[PDB]
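Take a look at the structure below.
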Amino acid sequence: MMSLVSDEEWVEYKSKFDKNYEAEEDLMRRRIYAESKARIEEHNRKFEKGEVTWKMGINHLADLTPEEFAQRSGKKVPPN
């Protein structure tokens, strides 16, 4: 699903990220936040591949991606 990660995990992050955006904005972000954990699997599985030593870090947009980025103020959305 895409609701795996709610603003909850990100609120604690918002302080540590200097970018605080609550449930209202987070809602569209809830979908971007989902991929975020997917990313945690990203680097952790990489060195995990005797590849390099690189760990995940929860990307900033992992809460606000094009999902958020485009729906936050990317495409012109009329009042109708």
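Ligands are numbered from 1 in the order shown, chains are lettered A, B, ... in the order of the structure tokens, and residues start at 1 in each chain.
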Can you pull out the residues contacting stretch 15-18 of chain A? Cut-off 10 Å, using only C-alpha atoms, and skip same-chain residues under 5 positions away; I want them as a list in words. residues 10, 59 and 60 of chain A
All residues 9 Å or closer to residue A:8, only C-alpha atoms, same chain fewer than 4 positions away omitted, as number ranges by chain: A: 12-13, 22-23
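The smallest atom-to-atom distance between residue A:55 and any of A:28, A:68, A:40, A:80, using only C-alpha atoms, is found for A:40.
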Show me, as an mmCIF file with N, CA and C atoms, in the first residue's frame, the residues that have an atom within 12 Å of residue A:58 when counting only C-alpha atoms, minus same-chain residues fewer than 4 positions from it.
```
data_model
loop_
_atom_site.group_PDB
_atom_site.id
_atom_site.type_symbol
_atom_site.label_atom_id
_atom_site.label_comp_id
_atom_site.auth_asym_id
_atom_site.auth_seq_id
_atom_site.Cartn_x
_atom_site.Cartn_y
_atom_site.Cartn_z
ATOM 1 N N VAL A 5 3.440 4.823 5.427
ATOM 2 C CA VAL A 5 4.077 5.894 6.171
ATOM 3 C C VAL A 5 3.268 7.177 6.155
ATOM 4 N N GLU A 9 5.650 9.441 11.004
ATOM 5 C CA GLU A 9 7.080 9.194 10.931
ATOM 6 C C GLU A 9 7.820 10.426 10.427
ATOM 7 N N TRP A 10 7.138 11.245 9.630
ATOM 8 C CA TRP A 10 7.756 12.441 9.073
ATOM 9 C C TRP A 10 7.722 13.649 10.008
ATOM 10 N N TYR A 13 10.627 13.819 11.727
ATOM 11 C CA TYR A 13 11.626 14.157 10.716
ATOM 12 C C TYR A 13 11.610 15.645 10.356
ATOM 13 N N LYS A 14 10.412 16.224 10.286
ATOM 14 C CA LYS A 14 10.247 17.631 9.915
ATOM 15 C C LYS A 14 11.159 18.549 10.728
ATOM 16 N N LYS A 16 13.963 17.510 12.166
ATOM 17 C CA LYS A 16 15.298 17.120 11.798
ATOM 18 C C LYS A 16 15.601 17.421 10.333
ATOM 19 N N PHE A 17 14.582 17.824 9.583
ATOM 20 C CA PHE A 17 14.761 18.121 8.162
ATOM 21 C C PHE A 17 14.628 19.615 7.861
ATOM 22 N N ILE A 32 3.965 9.774 -1.015
ATOM 23 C CA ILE A 32 5.392 9.881 -1.276
ATOM 24 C C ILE A 32 6.142 9.303 -0.117
ATOM 25 N N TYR A 33 5.587 9.468 1.043
ATOM 26 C CA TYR A 33 6.207 8.929 2.213
ATOM 27 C C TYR A 33 6.328 7.406 2.123
ATOM 28 N N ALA A 34 5.360 6.770 1.467
ATOM 29 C CA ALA A 34 5.363 5.315 1.335
ATOM 30 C C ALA A 34 6.648 4.809 0.714
ATOM 31 N N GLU A 35 7.017 5.402 -0.397
ATOM 32 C CA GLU A 35 8.247 5.032 -1.087
ATOM 33 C C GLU A 35 9.466 5.239 -0.194
ATOM 34 N N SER A 36 9.379 6.215 0.712
ATOM 35 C CA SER A 36 10.502 6.551 1.588
ATOM 36 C C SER A 36 11.089 5.315 2.250
ATOM 37 N N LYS A 37 10.266 4.533 2.932
ATOM 38 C CA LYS A 37 10.774 3.321 3.565
ATOM 39 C C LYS A 37 11.366 2.410 2.501
ATOM 40 N N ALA A 38 10.704 2.356 1.343
ATOM 41 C CA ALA A 38 11.193 1.548 0.231
ATOM 42 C C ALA A 38 12.646 1.884 -0.033
ATOM 43 N N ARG A 39 12.955 3.147 0.182
ATOM 44 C CA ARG A 39 14.291 3.671 0.013
ATOM 45 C C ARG A 39 15.202 3.184 1.122
ATOM 46 N N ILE A 40 14.649 2.999 2.303
ATOM 47 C CA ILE A 40 15.449 2.526 3.418
ATOM 48 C C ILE A 40 16.006 1.159 3.077
ATOM 49 N N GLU A 41 15.219 0.437 2.311
ATOM 50 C CA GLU A 41 15.607 -0.864 1.788
ATOM 51 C C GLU A 41 16.671 -0.659 0.701
ATOM 52 N N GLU A 42 16.623 0.535 0.109
ATOM 53 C CA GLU A 42 17.477 0.940 -1.014
ATOM 54 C C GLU A 42 18.980 0.765 -0.788
ATOM 55 N N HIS A 43 19.527 1.524 0.141
ATOM 56 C CA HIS A 43 20.955 1.488 0.414
ATOM 57 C C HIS A 43 21.340 0.346 1.328
ATOM 58 N N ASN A 44 20.438 0.001 2.221
ATOM 59 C CA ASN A 44 20.696 -1.048 3.176
ATOM 60 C C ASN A 44 20.905 -2.384 2.490
ATOM 61 N N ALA A 62 11.106 12.217 0.122
ATOM 62 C CA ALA A 62 10.451 10.946 0.353
ATOM 63 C C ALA A 62 9.135 11.138 1.056
ATOM 64 N N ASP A 63 8.794 12.385 1.326
ATOM 65 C CA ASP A 63 7.545 12.707 1.929
ATOM 66 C C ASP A 63 6.832 13.592 0.972
ATOM 67 N N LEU A 64 7.604 14.323 0.184
ATOM 68 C CA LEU A 64 7.018 15.156 -0.824
ATOM 69 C C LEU A 64 7.760 15.023 -2.137
#
```
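The space separating atom CA of residue A:25 from atom CA of residue A:7 comes to 9.1 Å.
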Measuring between only C-alpha atoms, which one of A:61, A:3, A:53, A:47 shows the shortest distance to residue A:20? A:61
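Of the listed residues (A:31, A:19, A:75, A:45), A:31 comes nearest to residue A:4; the distances count only C-alpha atoms.
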What separates atom CA of residue A:11 and atom CA of residue A:48 is a distance of 28.8 Å
